[PDB]
Every structure is written in structure tokens, then in C-alpha cells.
Amino acid sequence: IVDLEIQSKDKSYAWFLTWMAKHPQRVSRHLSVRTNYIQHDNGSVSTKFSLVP
Amino acid sequence: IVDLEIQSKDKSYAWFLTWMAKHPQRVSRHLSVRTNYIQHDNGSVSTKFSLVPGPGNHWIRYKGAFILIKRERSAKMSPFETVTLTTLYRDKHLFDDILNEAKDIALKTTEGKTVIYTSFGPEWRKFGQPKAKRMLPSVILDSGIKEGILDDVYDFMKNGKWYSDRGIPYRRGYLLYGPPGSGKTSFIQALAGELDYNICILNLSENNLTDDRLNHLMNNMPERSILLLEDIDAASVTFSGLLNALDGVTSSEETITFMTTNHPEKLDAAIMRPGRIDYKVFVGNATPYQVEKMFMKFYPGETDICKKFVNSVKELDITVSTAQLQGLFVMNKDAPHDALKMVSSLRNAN
Amino acid sequence: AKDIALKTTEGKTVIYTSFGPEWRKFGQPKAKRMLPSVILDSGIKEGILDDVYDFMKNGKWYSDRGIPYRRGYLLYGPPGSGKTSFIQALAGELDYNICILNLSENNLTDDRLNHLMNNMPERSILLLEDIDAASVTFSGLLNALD
Amino acid sequence: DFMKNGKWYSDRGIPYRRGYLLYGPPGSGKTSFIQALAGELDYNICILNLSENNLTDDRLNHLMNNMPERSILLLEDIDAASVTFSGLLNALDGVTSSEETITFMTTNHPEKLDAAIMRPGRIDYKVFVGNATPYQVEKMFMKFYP
Ligand SMILES: Nc1ncnc2c1ncn2[C@@H]1O[C@H](COP(=O)(O)OP(=O)(O)OP(O)(O)=S)[C@@H](O)[C@H]1O
Ligand SMILES: Nc1ncnc2c1ncn2[C@@H]1O[C@H](COP(=O)(O)OP(=O)(O)OP(O)(O)=S)[C@@H](O)[C@H]1O
Ligand SMILES: Nc1ncnc2c1ncn2[C@@H]1O[C@H](COP(=O)(O)OP(=O)(O)OP(O)(O)=S)[C@@H](O)[C@H]1O
């Protein structure tokens, strides 16, 4: 009675990860931290922390 | 009712272990040892044993949530390494505060020390213990050279928006060319100390380095740092790849890069284009202004012996270097008369 | 997911770098360089822009005559003249990405190069900086280009 | 004089580090004097072979930084030289160079060395350990036949 799609290191895999990160309905009890630069013209560039699933 | 958060080998990782070492309200078993090269002014009695949380599980309180840390390694040990946090109240908002505090602790530059980063694979790594800041008045360059470089650097750092309004990439490159022992590397240390910036020393003659790794290193420098390319004329990197790394679509933004050479003519005109090397200044052999100021630095106070010394140097008609002058003043510590007697020794070079 | 990842930010261009047999984003997106900021000679910018727009508009005309729908541009000149700057400006104008490819990279093979040139992201420009610099073979590069 | 004046170097910002070169014909007592002086100072000897192939620049910087305390760095046959020339030069005097180390170098061919390595911030003291002089002959005879 269930279905299951798998996609593995595909060009849509990174797209799916980015979409999942942007999802507001996500309820994820597991998080990962990866630093990212927030480049803004005012002042100087700074790093930022992203809580990906 | 729990929410776990992990982070692999990234920039946030080492910041987090440095923060967790300093955290007071910590209940850690399973600790580890770490010898380090601490220093006292008279002499560095190194090998101070430091106890770090190490692998295993740890309890920290922080703001009142009783977070469980879990450091563990895998099949290998810097491969296969990770820490893990767990909060028991769905208070994941504390994780970003933890990360920000770790970032602030790590980014906090020691008030009189300069940090040196070295290319280790595709990312930078701290090299040794931080070295004491070299002061700008110690470096005796020719008249207007130090001031000209400092004015150009401050003008570049201040005018950030001006670059972006006109579309010019916010990036400046400096070349110090001249004879050996003229003050180039010493001036790099002094200027990095003045700006309170770190130094990322990069060796292109490293055979393991490649173009993709070079671009990653140039684009992942730690904040508030200066890229140093010692002996840019020495050059698995490719010439076109280096040229694009210096100025190209792949080149990074908001970086100061410094390169030094003893053979400027060995450089191609492409690398010396005024968009890759914007400022080039000749750090030459010692001039009488340099001789006088070097003597006054090593022997403060009396000037008549300094006058006799610079006259004798002028009569010696030899292209002395400031490294040679420093060596002579080091030989005669606190003895200006002995230095004036031994000034003739600068003539010999074998 | 495709729409989110394919949408371009309003004022930045993505840069792709050849990592193995496929492309990947390099760093953060860089702000678009504006075409008026690139001072080329008279008619040069306008001529190149007209030729590019004429090529992108006439997709069907190429197919009807049987010509392969593919164009190649060479900007040659002295160092520091505007070549790379114009590439950035034009890619920003078209809202295309730049796929930088280094042929002098030793791990690159002919099969890998064909796969890279046949798997570029949609709406992107292939940039071969210093084509004169050249594990790739001459015949393999020639057949890959046309 | 160098070991005593630790603070004097720090006051003027000079890196606390000295380099010595003994050059001359073979069998003049260079290595023997290194052993004697290390025994006198009660220091260890760290002998480093630059010609060893698996040594790289990063490894050499780590070795020259992580020397055991109260030891002498010995570079026998400096003229013999996977290490790079620039990497060696920056290791001996550069931003990456360590602090409070005595380094001793020997060679039978001093003229084979570049100006950069013979710089008086890399090699501070250079003395010619030559063939036997009549004073040396007399003192050797007195040592062997008191
Ligand atoms: N102008 C100067 N003022 C003060 N100290 C100097 C000066 N020039 C050289 N020195 C000292 O001499 C040594 C070598 O100087 P560096 O600047 O480190 O080397 P360099 O001048 O860059 O030459 P290289 O071999 O090309 S790195 C250091 O111990 C410096 O403290
Ligand atoms: N025509 C131009 N108009 C405006 N800025 C220019 C122009 N040509 C060069 N520049 C600036 O000069 C620098 C380098 O220009 P590039 O176009 O990257 O160099 P180039 O012409 O590609 O030559 P190379 O060395 O072969 S990459 C950048 O800071 C540009 O902004
Ligand atoms: N001046 C000397 N005084 C005492 N013994 C000496 C002297 N010169 C040589 N010898 C003896 O001969 C050996 C050779 O001297 P070393 O210093 O070891 O070699 P060397 O002088 O460095 O020559 P090389 O071949 O360049 S290592 C020593 O181990 C002593 O046994």
C-alpha cells in the first residue's frame, strides 16, 4: 500500500535537497550544519550557518 | 521530543571544539590530552599538557537546556570524524547561538599575535601557534614606501561600495620585488599585524596542488586575512589556471594578495597586468636613510655615532642590504662603537 | 525542485566548474557585471550582442537548413583588454550561467570532455579561457567542438 | 650571546633564530665540532636530510616547527639539494619559520649555494673550517701524545 522513489547523486538530487531545505512544512528532527557565505555589498562579506536536514 | 543536530568536517567544526573546550559549565568524561607549544617571554617552555573533551559523550548546560555532545570517530581518524548535539526540549534555537558563540570565539584574534594559515588540501589550516605581531616601526623601508603602501591598503579597504558601483572586482594585488634581505617578508608580517589580519601562505610549487584546489583555496580563505605568494616567479598548477585564479570569472572577492620576488623580470606580462598586480614597489638595497633609521632603531639615543656610521657606510661604497646591517648590529649588541669599528666587515660577502 | 533550482537570482550569475564528468556550482553567485561598465571599442559590443541575439532567436532556421544549432565566439587580444569582463557582462545580460572549463587540467579525458560539453546546465555559456594553452587530444577537442 | 639575549630579540622584533655555516675541505672537523658543541650546550641534535625524496615542504615546515626542546637542527651537506628551493628558503626565514632554534649547516662547496640561502638572516655566522694549520698540528699532537 506504499510507494517509494529513490534518486541517487543525480542532477535532480541536489535540486531535491535545495527544495527540501526551502520547504516550510518540513518537520525534521535531524539537522546538519554547513557554513555558507552571505555576500552583501554593504559592509563586508560574512559567514552564515545553514540548518539543512 | 528530541532534536539532534550534527556537523561534519567544516569550518564550523573546529570552532565548535574550541568553544566546547572553553565552556565552563561542562561535565565531561572520556577526555583526551593535547600537548601544545606555549611560550614565555624569556623562553618558550613548550609542551603544556591540555585536557580536551575528546571522543565520547559529554553534558553541557549552556543556557539551561542540558545539551548532550557526542564526539566519535569512524573506521579512520583528518577523515571520518563528526560531533553531534541533542536538545531535549525542541529548543533548536540554542544551536544557532552555540554556533555564533563558537564563531566569535574562534574569530577573536589574539591581541598581540598574528595567525598563519597553510594550505592543507583544499582547505586552510592553522599552522603552529600564533606568532607575535611584528610592529611597523621595526621594518625600516625607504622614505614614502611604508606610507604609500599603507595609504593604498587603507584606501582599498575603506572604499568597498565604490568598487561595486563601477563593477570593478573588489580585489587588490601587491608586488614587493627587490634584492634578497630588503624587508619584504618582514613588511608583510608588519602590515598583517597592523591590519589585525591573518596570513594565508600559499606555495604554488607544491606538486599536489591543482587548479581546482587552487580556486577552492583562493575562494575559501578565512575572513580578515591576507594571501601571501612567496616567490611568485618559482612557478601541477597551470599558468592559465593561475591567471584565472588571480583575475577571472572564478576569482574570489574581497581579498588582499601579496607576492614577493627577487626576479621580477622572470614574470610574464599577463601576471603583471594592472588587474592582477595593481601595486608594485621596488624594495631595494639599503639607502642612507635606511642606514640611519636602522642604526637609530638598534641604537636609540645617540646620533653623532650614527652620523659617523652612515658616513663610513657611504665611504664603503658597497650595496649593503638591511639584512646585513641587522646582522652587524646583532653582532655588536648595545655597542655602537663596536659596530662603527666593524662597519668594514659589511664589505666581505664570503 | 527543478523550478526552484533553475530560477536565477535577480542580480547574480552562477558559475559552474568541471568536477569530474559533470558540472557543479562554484562558490556563491557573483553579482552581475553590467554591459555599460565594459568599455569596448565602437560597434564591438553592439555587433557581438546583435550576433548573439540573432543566434538565440533563430532556433528553427538552423534546424531547417540542417546546420547544428551551436555558435562559437573568440575574443583575442592583448592582456587586460576586456575579454573576461565582457564574458561576465554578456552572461549577466542574457541571465545565463558561465561554465568555466580548463583544458589544461590533467585528469580531463576526451570522453569526460564530451560528457561535460553534452551535460551543461540549461541556459548557460561555455567559457574556454586560454584555448591556446593546450590528457585531452587535439582530435578529440576538435570533434567535441564540431 | 644568542642564547642569553632572548628578550633583546623580541624587543626589536627580530625573529629569535640563528643560523650557522661551517664550510671547508672534508675532514676539517665540522661534524665533530657540531657534536662537541651540542654536548657542551647539553642539547640534542635533530639531523635532517633534505635530499630524502619523501620530504615535502609542508612536512619540512612541520618538522622544523615541531622540534623537541633544547635541540640543534643539523643540515649536513646543504649544497646537495621533493623539497622546493623557495619552500626551503621560507622555512629557514619566513612567516612560517619557527622560533628559538639553532640551525647548523655544513658544506664542502660553499660557492654552490645561492645568495638567498647565504643571506645573513638565514645564515648568520659563517666560518671557514679549513685544512690543518701548524697550530692545529701542534695541538693535535699534544692531544694524542700528552
Ligand atoms: N628593512 C628591514 N628592516 C628591518 N629588518 C629587516 C629589514 N630587511 C630585513 N630585515 C631583517 O632581515 C631578515 C630578513 O628579512 P625578510 O624581510 O624576512 O626577508 P626578505 O627581505 O624578504 O628577503 P627574502 O630572502 O627574498 S624573503 C629578518 O630577520 C628581518 O628582521
Ligand atoms: N574594456 C574594459 N572596460 C572596463 N574595465 C575593463 C576593461 N578591460 C579591462 N577592464 C578591467 O580590467 C580588469 C581585467 O580585465 P579582464 O577583462 O578580466 O582582463 P582581460 O581583458 O580578459 O585580459 P586577460 O589577462 O587575458 S583575462 C578588471 O578589473 C576589469 O574591470
Ligand atoms: N679538527 C679535528 N679535531 C679532531 N678530530 C678531528 C678533526 N677533524 C677531523 N677529526 C677526526 O676525523 C673525523 C672526521 O671529522 P668530521 O667533522 O666528522 O668530518 P668532516 O670534517 O665534517 O668532513 P666531512 O666529510 O665534510 S663530514 C672526526 O670524526 C674525528 O675523528
# chains A, B, ... in the order shown; residues from 1 in each chain; ligands from 1
call {"tool": "interface_residues", "arguments": {"of": "chain B", "to": "chain D", "cutoff": "6 Å", "atoms": "only C-alpha atoms", "output": "PyMOL selection string"}}
result
chain B and resi 42+134+180+323-324
call {"tool": "residues_around", "arguments": {"residues": "residue 19 in chain A", "least_positions_apart": "5", "cutoff": "9 Å", "atoms": "only C-alpha atoms", "output": "list in words"}}
result
residues 14 of chain A; 1, 2, 4 and 5 of chain C
call {"tool": "closest_atom_pairs", "arguments": {"of": "chain A", "to": "chain B", "cutoff": "12 Å", "atoms": "only C-alpha atoms", "output": "CSV"}}
result
residue,atom,partner,partner_atom,distance
A:27,CA,B:3,CA,10.3
A:28,CA,B:3,CA,8.0
A:29,CA,B:3,CA,4.6
A:30,CA,B:4,CA,5.0
A:31,CA,B:5,CA,4.4
A:32,CA,B:6,CA,4.9
A:33,CA,B:7,CA,5.0
A:34,CA,B:7,CA,6.9
A:35,CA,B:12,CA,6.5
A:36,CA,B:11,CA,9.7
A:37,CA,B:220,CA,9.6
A:39,CA,B:253,CA,9.4
A:40,CA,B:161,CA,10.3
A:41,CA,B:161,CA,6.6
A:42,CA,B:161,CA,6.8
A:43,CA,B:160,CA,7.3
A:44,CA,B:160,CA,7.9
A:45,CA,B:254,CA,7.8
A:46,CA,B:223,CA,7.7
A:47,CA,B:223,CA,8.5
A:48,CA,B:100,CA,8.8
A:49,CA,B:96,CA,7.4
A:50,CA,B:96,CA,9.1
A:51,CA,B:5,CA,8.3
A:52,CA,B:5,CA,9.5
A:53,CA,B:5,CA,8.6
call {"tool": "interface_residues", "arguments": {"of": "chain B", "to": "chain C", "cutoff": "8 Å", "atoms": "only C-alpha atoms", "output": "compact mmCIF listing (two decimals) with N, CA and C atoms, in the first residue's frame"}}
result
# COMPACT_ATOMS: atom_id res chain seq x y z
N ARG B 166 30.95 50.67 -9.72
CA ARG B 166 31.51 50.70 -11.06
C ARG B 166 31.80 49.32 -11.63
N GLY B 167 31.49 48.25 -10.90
CA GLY B 167 31.62 46.91 -11.42
C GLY B 167 33.00 46.31 -11.32
N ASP B 211 44.61 23.05 -10.14
CA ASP B 211 43.88 24.27 -10.45
C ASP B 211 42.57 24.36 -9.67
N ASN B 219 39.11 30.77 -2.82
CA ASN B 219 37.75 31.16 -2.52
C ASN B 219 37.30 30.80 -1.12
N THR B 238 48.59 25.10 -13.48
CA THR B 238 48.77 25.59 -14.84
C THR B 238 48.84 27.11 -14.84
N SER B 240 47.60 29.26 -17.09
CA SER B 240 46.29 29.84 -17.34
C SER B 240 45.38 29.70 -16.13
N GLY B 241 45.46 28.57 -15.44
CA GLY B 241 44.66 28.39 -14.23
C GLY B 241 45.03 29.37 -13.14
N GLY B 248 39.69 36.43 -12.84
CA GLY B 248 38.89 35.64 -13.76
C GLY B 248 37.47 35.56 -13.25
N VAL B 249 36.65 34.81 -13.98
CA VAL B 249 35.28 34.57 -13.55
C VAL B 249 35.26 33.79 -12.24
N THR B 250 36.25 32.93 -12.04
CA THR B 250 36.33 32.08 -10.86
C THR B 250 37.02 32.76 -9.69
N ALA B 269 54.07 39.22 -18.72
CA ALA B 269 53.29 40.45 -18.70
C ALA B 269 51.84 40.19 -18.32
N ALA B 270 51.34 38.98 -18.56
CA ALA B 270 49.97 38.65 -18.17
C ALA B 270 49.80 38.65 -16.66
N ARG B 273 49.75 42.29 -15.33
CA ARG B 273 48.68 43.18 -15.76
C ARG B 273 48.12 43.95 -14.57
N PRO B 274 47.80 45.23 -14.73
CA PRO B 274 47.27 46.01 -13.60
C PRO B 274 45.83 45.69 -13.23
N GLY B 275 45.47 44.42 -13.19
CA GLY B 275 44.21 43.98 -12.63
C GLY B 275 44.46 42.78 -11.76
call {"tool": "select_by_dssp", "arguments": {"residues": "range 47-117 of chain D", "states": "helix (DSSP H, G or I)", "output": "PyMOL selection string"}}
result
chain D and resi 57-65+78-80+85-92+110-112
call {"tool": "write_last_selection", "arguments": {"atoms": "N, CA, C and O atoms", "output": "PDB file, in the first residue's frame"}}
result
ATOM      1  N   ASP D  57      57.420  20.192   1.352  1.00  0.00           N
ATOM      2  CA  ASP D  57      57.543  21.491   2.005  1.00  0.00           C
ATOM      3  C   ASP D  57      56.704  21.568   3.273  1.00  0.00           C
ATOM      4  O   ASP D  57      57.171  22.070   4.300  1.00  0.00           O
ATOM      5  N   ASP D  58      55.464  21.076   3.220  1.00  0.00           N
ATOM      6  CA  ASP D  58      54.603  21.087   4.398  1.00  0.00           C
ATOM      7  C   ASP D  58      55.187  20.208   5.497  1.00  0.00           C
ATOM      8  O   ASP D  58      55.196  20.590   6.677  1.00  0.00           O
ATOM      9  N   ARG D  59      55.703  19.037   5.115  1.00  0.00           N
ATOM     10  CA  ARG D  59      56.357  18.148   6.068  1.00  0.00           C
ATOM     11  C   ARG D  59      57.580  18.809   6.681  1.00  0.00           C
ATOM     12  O   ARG D  59      57.835  18.665   7.880  1.00  0.00           O
ATOM     13  N   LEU D  60      58.346  19.542   5.873  1.00  0.00           N
ATOM     14  CA  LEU D  60      59.552  20.180   6.385  1.00  0.00           C
ATOM     15  C   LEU D  60      59.208  21.314   7.342  1.00  0.00           C
ATOM     16  O   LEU D  60      59.903  21.515   8.343  1.00  0.00           O
ATOM     17  N   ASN D  61      58.165  22.091   7.033  1.00  0.00           N
ATOM     18  CA  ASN D  61      57.736  23.138   7.955  1.00  0.00           C
ATOM     19  C   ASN D  61      57.255  22.545   9.269  1.00  0.00           C
ATOM     20  O   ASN D  61      57.550  23.080  10.346  1.00  0.00           O
ATOM     21  N   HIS D  62      56.519  21.435   9.200  1.00  0.00           N
ATOM     22  CA  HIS D  62      56.089  20.763  10.421  1.00  0.00           C
ATOM     23  C   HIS D  62      57.278  20.239  11.215  1.00  0.00           C
ATOM     24  O   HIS D  62      57.289  20.314  12.447  1.00  0.00           O
ATOM     25  N   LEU D  63      58.283  19.696  10.526  1.00  0.00           N
ATOM     26  CA  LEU D  63      59.460  19.180  11.214  1.00  0.00           C
ATOM     27  C   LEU D  63      60.252  20.295  11.881  1.00  0.00           C
ATOM     28  O   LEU D  63      60.659  20.164  13.040  1.00  0.00           O
ATOM     29  N   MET D  64      60.477  21.400  11.171  1.00  0.00           N
ATOM     30  CA  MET D  64      61.232  22.495  11.761  1.00  0.00           C
ATOM     31  C   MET D  64      60.442  23.243  12.819  1.00  0.00           C
ATOM     32  O   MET D  64      61.042  23.957  13.627  1.00  0.00           O
ATOM     33  N   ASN D  65      59.120  23.110  12.837  1.00  0.00           N
ATOM     34  CA  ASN D  65      58.360  23.751  13.898  1.00  0.00           C
ATOM     35  C   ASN D  65      58.239  22.836  15.109  1.00  0.00           C
ATOM     36  O   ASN D  65      58.384  23.300  16.245  1.00  0.00           O
ATOM     37  N   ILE D  78      74.372  20.965   2.877  1.00  0.00           N
ATOM     38  CA  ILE D  78      73.308  21.861   2.439  1.00  0.00           C
ATOM     39  C   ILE D  78      73.336  22.034   0.925  1.00  0.00           C
ATOM     40  O   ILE D  78      72.295  22.247   0.294  1.00  0.00           O
ATOM     41  N   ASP D  79      74.513  21.908   0.315  1.00  0.00           N
ATOM     42  CA  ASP D  79      74.678  22.058  -1.122  1.00  0.00           C
ATOM     43  C   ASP D  79      74.143  20.884  -1.928  1.00  0.00           C
ATOM     44  O   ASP D  79      74.107  20.978  -3.158  1.00  0.00           O
ATOM     45  N   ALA D  80      73.762  19.783  -1.275  1.00  0.00           N
ATOM     46  CA  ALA D  80      73.301  18.603  -2.001  1.00  0.00           C
ATOM     47  C   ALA D  80      72.008  18.879  -2.756  1.00  0.00           C
ATOM     48  O   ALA D  80      71.829  18.412  -3.886  1.00  0.00           O
ATOM     49  N   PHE D  85      63.046  24.936  -3.619  1.00  0.00           N
ATOM     50  CA  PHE D  85      64.028  25.921  -3.180  1.00  0.00           C
ATOM     51  C   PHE D  85      63.360  27.055  -2.417  1.00  0.00           C
ATOM     52  O   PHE D  85      63.828  27.463  -1.347  1.00  0.00           O
ATOM     53  N   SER D  86      62.245  27.560  -2.947  1.00  0.00           N
ATOM     54  CA  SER D  86      61.503  28.619  -2.273  1.00  0.00           C
ATOM     55  C   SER D  86      60.927  28.137  -0.950  1.00  0.00           C
ATOM     56  O   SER D  86      60.903  28.887   0.032  1.00  0.00           O
ATOM     57  N   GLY D  87      60.442  26.896  -0.911  1.00  0.00           N
ATOM     58  CA  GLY D  87      59.921  26.353   0.332  1.00  0.00           C
ATOM     59  C   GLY D  87      60.982  26.236   1.407  1.00  0.00           C
ATOM     60  O   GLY D  87      60.737  26.557   2.571  1.00  0.00           O
ATOM     61  N   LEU D  88      62.181  25.795   1.025  1.00  0.00           N
ATOM     62  CA  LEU D  88      63.297  25.753   1.962  1.00  0.00           C
ATOM     63  C   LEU D  88      63.672  27.149   2.435  1.00  0.00           C
ATOM     64  O   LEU D  88      63.951  27.356   3.625  1.00  0.00           O
ATOM     65  N   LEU D  89      63.692  28.118   1.516  1.00  0.00           N
ATOM     66  CA  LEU D  89      64.067  29.477   1.887  1.00  0.00           C
ATOM     67  C   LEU D  89      63.064  30.083   2.860  1.00  0.00           C
ATOM     68  O   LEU D  89      63.453  30.750   3.824  1.00  0.00           O
ATOM     69  N   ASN D  90      61.771  29.859   2.628  1.00  0.00           N
ATOM     70  CA  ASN D  90      60.761  30.377   3.544  1.00  0.00           C
ATOM     71  C   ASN D  90      60.758  29.617   4.859  1.00  0.00           C
ATOM     72  O   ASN D  90      60.421  30.184   5.904  1.00  0.00           O
ATOM     73  N   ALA D  91      61.101  28.331   4.828  1.00  0.00           N
ATOM     74  CA  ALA D  91      61.206  27.571   6.066  1.00  0.00           C
ATOM     75  C   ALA D  91      62.337  28.087   6.941  1.00  0.00           C
ATOM     76  O   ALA D  91      62.191  28.187   8.163  1.00  0.00           O
ATOM     77  N   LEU D  92      63.478  28.410   6.335  1.00  0.00           N
ATOM     78  CA  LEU D  92      64.609  28.874   7.129  1.00  0.00           C
ATOM     79  C   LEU D  92      64.400  30.299   7.628  1.00  0.00           C
ATOM     80  O   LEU D  92      64.818  30.636   8.740  1.00  0.00           O
ATOM     81  N   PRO D 110      80.851  25.742  -0.618  1.00  0.00           N
ATOM     82  CA  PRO D 110      80.065  26.940  -0.290  1.00  0.00           C
ATOM     83  C   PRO D 110      79.633  27.740  -1.502  1.00  0.00           C
ATOM     84  O   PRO D 110      78.563  28.358  -1.472  1.00  0.00           O
ATOM     85  N   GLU D 111      80.433  27.751  -2.572  1.00  0.00           N
ATOM     86  CA  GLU D 111      80.079  28.531  -3.751  1.00  0.00           C
ATOM     87  C   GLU D 111      78.905  27.938  -4.514  1.00  0.00           C
ATOM     88  O   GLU D 111      78.322  28.623  -5.358  1.00  0.00           O
ATOM     89  N   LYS D 112      78.546  26.685  -4.241  1.00  0.00           N
ATOM     90  CA  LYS D 112      77.364  26.091  -4.846  1.00  0.00           C
ATOM     91  C   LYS D 112      76.065  26.644  -4.279  1.00  0.00           C
ATOM     92  O   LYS D 112      74.997  26.325  -4.809  1.00  0.00           O
TER      93      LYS D 112
END
call {"tool": "atom_distance", "arguments": {"atom1": "CA of residue 227 in chain B", "atom2": "CA of residue 255 in chain B"}}
result
7.3 Å
call {"tool": "residues_around", "arguments": {"residues": "residue 103 in chain D", "least_positions_apart": "5", "cutoff": "8 Å", "atoms": "only C-alpha atoms", "output": "PyMOL selection string"}}
result
chain D and resi 18-20+72-75
